[PDB]
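Single chain ahead, written as structure tokens, the form deposited without the partner chain.
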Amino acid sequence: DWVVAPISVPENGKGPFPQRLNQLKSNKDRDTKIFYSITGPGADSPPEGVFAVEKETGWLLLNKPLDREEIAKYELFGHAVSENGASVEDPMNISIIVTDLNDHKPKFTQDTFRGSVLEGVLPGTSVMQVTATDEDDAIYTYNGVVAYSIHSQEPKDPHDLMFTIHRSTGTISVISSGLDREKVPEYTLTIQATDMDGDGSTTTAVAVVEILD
């Protein structure tokens, strides 16, 4: 059977609303006046009335901007009923596919991460790992893809940047010699996550690294 294709709708639309998506039509409007309706979540169940159909034209309508992070897919049914009150078609499925916009900054799992490392480990040594997530799509886009960076380190002793961070994994490492617990026993690193694998929104957190004895 010939059916309506999934309808792709990007989130956060300007409208104007209501917005025509597609026009349902039964063949039998030849012999009969037809009344179209729609059921399902987003229509007649929660959230009600996000989608509506014009009773006589069969225009399916979107009534407000969508949010993919709330609902990414609606599955509705279209109905066709004659003036005399008889269902004249089996209900048809209709799918609405909400597509992504980069509308989330990344978020660090904690605001402050704590880890530690021994003085005198070789440069190259893994210290700890940080994590930030991103609500947006990261399959088809870089909207959800986070890149990690270190913005600054305190104090600047012995040298000004002793650590680096692995840009996709969040793993912090020692890249320098001179960690000495007795002179600088702890460090605070401002760390950053930027979605669009680097090119996007930036979020900030702290990593506090203890120098073990």
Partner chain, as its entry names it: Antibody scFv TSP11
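Positions refer to the first chain, counted from 1.
What comes next is about the form deposited with the partner chain bound, which does not appear here.
Across the proposed site, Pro185, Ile191 and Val206 without exception lack any heavy atom within 4.5 Å of the partner chain in the deposited bound form.
Although the partner is absent here, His159 lies well away from the partner chain in the deposited bound form, with no heavy atom inside 4.5 Å. Though the partner is left out of this view, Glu154 does not reach within 4.5 Å of the partner chain in the deposited bound form, counting heavy atoms only. Taking the partner from elsewhere, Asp180 is found to have every heavy atom lying beyond 4.5 Å of the partner chain in the deposited bound form. When contacts are judged by a 4.5 Å heavy atom cut-off, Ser149 does not count as touching the partner chain in the deposited bound form. Looking at 35-50, the residues that come within 4.5 Å of the partner chain in the deposited bound form, counting any heavy atom, are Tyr36, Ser37, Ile38, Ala43, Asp44, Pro47, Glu48, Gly49, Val50.
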